[PDB]
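Dropping the structure here:
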């Protein structure tokens, strides 16, 4: 295929409920937003913005949104499994690095800076992997995983030590813009993009409609929020045919990890319906 | 020891947050309750009551409180692990029946009727166990697990088929009154009580102060609610010395399952502090 693939992930029970709660907090704002369509009050424009942000943080990990109860130490042996258990996306990734840590490879992961980067590292300490960060921060393996910010790197204070290609570039959140100059640099080190996408979540909406309407388009923001709200009851659950692949811990993907030139083994990004303002109001009544 | 033992359990991340949310919903009522100490308005008396009930349902399983997103089928192979993952108490019990299913034994479990009973069954379908219910409802193993209501049985429409002792009686919730005539009947079938107690939760409060003050005592209700609210930041986390035992999946308890006459391997119920109305107001400001 194209070198640009999505890897759908699940949602925790907790991740599903937090999203249902985020939507409900913004109930009034959502209706105000679709009602007075053709002015968009900034109280309300930004109420939708923060809603999509919050739903997006949860989609990757609930700790990005709700701090307390978070382990004082992210370094203890129990942490990696605790984090995977509370994010369907971390789980998928944990299964993925379990396959690639079997290889002599440099693998790149791009995600937003800050706490996302520290939880990614916390997680990867449960894999047999070297971890390199390029933000001056942090807490005998054949595979090294490099963590890059999606919001600006700085290769002249932190150069790539590698020497070798990145065999794949993983996108953890929809915060990553793979077209930016810094990521296009990583992709050409001598590279396939796999995007971790929680099914039927804001990630899935941003991705799919990101084609459709592009930019900070009118119909983009609207379709993305209508679908986030409406699809909110089908968060993180896979079509029945994907289920054995994930249950078998993504072993399905080994031939593709062997030959990254081989066609992507999984279905293309599932289409998301175009929803009406009336579609959204129905969903909110229920 | 005495034949009456507690088995501390953990809390899910989701279980901890729901409890922090339940407490917060009742913020005003809690302060009103401790403020006008010496009249207790029933609006407020029952506000504390429902708070303790809700915190107690979550302590056993969040689905007892928040229905939606709950699997349409509790019978599919994935369900048992999904339920254990969302209740620290279900996890402990899953580890426990993994030990005892190795034996030719009749094991009794008492819990409140209704959905608690259906989730207990859902869970136990993931163990190599026979399951008997005595409430006319439901969805080659050496071990059979009998599920009894804590709120009245009816042995003359559903008699014990067993023929053999119950080697242990497990208390899932604080809903079980082991002194009642129906449970004292089960305990003498020719029996050790193990109580599944989520640490630093309402279960732990009811148990500990249930000695202390007994009955629907004045100081009982008050100490139990002050401690629930105050201990709400230390929900479900074990003292460091218990952690390998649970990490090693309760294998620590096998010699005791071999000889139930052997002294209980674990520490006695940890004491809970007596808290002030001023103690509770501090906790609520923070």
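Residue numbers (the authors' numbering), protein chains in the order written: chain B, 27 to 165, 173 to 223, 233 to 328; chain A, 27 to 165, 173 to 223, 233 to 328. All C-beta atoms in this analysis are idealised placements derived from N, C-alpha and C, irrespective of residue type, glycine included.
Proximity winner among the options, relative to residue i (alpha-carbon distances)
i                      : options                    : result
residue 59 of chain A  : A:277, A:303, A:268, A:296 : A:268
residue 218 of chain B : B:183, B:255, B:261        : B:183
residue 275 of chain B : B:40, B:46, B:86           : B:46
residue 92 of chain A  : A:81, A:120, A:312         : A:81
residue 37 of chain B  : A:40, A:303, A:36          : A:40
residue 292 of chain A : A:256, A:126, A:85, A:130  : A:126
residue 84 of chain B  : B:235, B:49, B:251, B:120  : B:49
residue 246 of chain A : A:30, A:270, A:196         : A:270
residue 160 of chain A : A:175, A:254, A:147        : A:147
residue 107 of chain A : A:149, A:67, A:99, A:27    : A:149
residue 298 of chain B : B:175, B:116, B:145, B:235 : B:235
residue 44 of chain B  : B:69, B:90, B:65, B:138    : B:90
residue 76 of chain A  : A:55, A:312, A:62, A:305   : A:55
residue 322 of chain B : B:52, B:27, B:32           : B:52
residue 34 of chain B  : B:328, B:214, B:205        : B:205
residue 63 of chain A  : A:99, A:216, A:260         : A:260
residue 154 of chain A : A:144, A:101, A:124        : A:124
residue 281 of chain A : A:240, A:103, A:99, A:174  : A:240
residue 252 of chain A : A:311, A:96, A:173, A:158  : A:311
residue 188 of chain B : B:314, B:162, B:68, B:237  : B:162
residue 328 of chain B : A:70, A:94, A:88, A:74     : A:94
residue 214 of chain B : B:223, B:185, B:250        : B:185
residue 99 of chain A  : A:144, A:130, A:128        : A:144
residue 223 of chain A : A:193, A:238, A:296, A:73  : A:193
residue 289 of chain B : A:29, A:103, A:69          : A:103
First and last residue of the uninterrupted beta strand (DSSP E) at residue i
i                      : result
residue 306 of chain B : Run containing residue 306 of chain B: none; DSSP gives neither H nor E here.
residue 31 of chain A  : 30-35
residue 158 of chain A : 156-159
residue 181 of chain A : 176-182
residue 238 of chain A : 235-240
residue 314 of chain B : Unbroken run through residue 314 of chain B: none, as it is neither H nor E.
residue 143 of chain A : Careful: residue 143 of chain A lies outside any beta strand (DSSP E), inside the alpha helix (DSSP H) at 141-150.
residue 203 of chain A : 201-204
Partners in chain B for residue i, counting only beta-carbon separations shorter than 7 Å
i                      : result
residue 112 of chain A : 39
residue 288 of chain A : Correct list: empty, because the minimum Cβ distance to chain B is about 10 Å.
Host alpha helix (DSSP H) of residue i (start-end)
i                      : result
residue 88 of chain A  : Premise fails: residue 88 of chain A is in no alpha helix (DSSP H) and is neither H nor E.
residue 42 of chain A  : 39-51
residue 269 of chain A : 260-272
residue 123 of chain A : 114-126
residue 131 of chain A : Unbroken run through residue 131 of chain A is the beta strand (DSSP E), 131-137; no alpha helix (DSSP H).
residue 295 of chain A : No alpha helix (DSSP H) contains residue 295 of chain A, which DSSP labels as neither H nor E.
residue 244 of chain B : 244-254
residue 167 of chain B : In the model as presented, chain B runs from 165 straight to 173, which leaves residue 167 of chain B without coordinates.
residue 257 of chain B : Here residue 257 of chain B belongs to no alpha helix (DSSP H), and DSSP marks it neither H nor E.
residue 285 of chain A : 285-289
residue 218 of chain A : 214-220
8 Å Cβ cut-off: residues of chain A touching residue i
i                      : result
residue 311 of chain B : Near residue 311 of chain B there are no residues of chain A at all, since even the closest Cβ is about 24 Å away, more than 8 Å.
residue 92 of chain B  : 43
Contacts of residue i in chain B (Cβ-Cβ under 9 Å)
i                     : result
residue 95 of chain A : 39, 42, 43, 46, 275, 277
Nonlocal neighbours in the same chain, by C-beta distance under 6 Å from residue i, ignoring five residues either side
i                      : result
residue 287 of chain A : 294
residue 273 of chain A : 242
residue 209 of chain B : 136, 183
residue 121 of chain B : 291, 292
residue 78 of chain B  : 244
residue 255 of chain A : 261, 262
Within chain A, the residues that residue i reaches when beta carbons sit closer than 9 Å
i                     : result
residue 88 of chain B : 39, 40, 43
Close Cβ partners of residue i (< 7 Å) along its chain, the five nearest in sequence each way excluded
i                      : result
residue 132 of chain A : 177, 179, 195, 197, 198, 199, 200
residue 86 of chain A  : 113, 115, 142, 205, 206
residue 110 of chain B : 116, 117, 120, 149
residue 27 of chain A  : 305, 306
Cβ neighbours of residue i in the same chain (closer than 8 Å, five flanking residues each side left out)
i                      : result
residue 66 of chain A  : 59
residue 278 of chain A : 35, 36, 37, 38, 41, 42, 114, 240, 241, 242, 243
residue 216 of chain B : 136, 181, 183, 202, 209, 210
residue 220 of chain A : 199, 202, 211, 235
residue 61 of chain B  : 319
residue 284 of chain B : 34, 308, 309
Cutoff 7 Å: residue i Cβ touching any chain D Cβ
i                     : result
residue 28 of chain A : In summary, chain D is missing from the structure at hand, where the protein chains are B and A.
Of the residues that make up the region 127-147 of chain B, which ones have a beta carbon closer than 8 Å to any beta carbon in chain A?
none
Which residues, taken in chain order from the region 32-58 of chain A, show a beta carbon closer than 8 Å to some beta carbon of chain B?
38, 39, 40, 42, 43, 46
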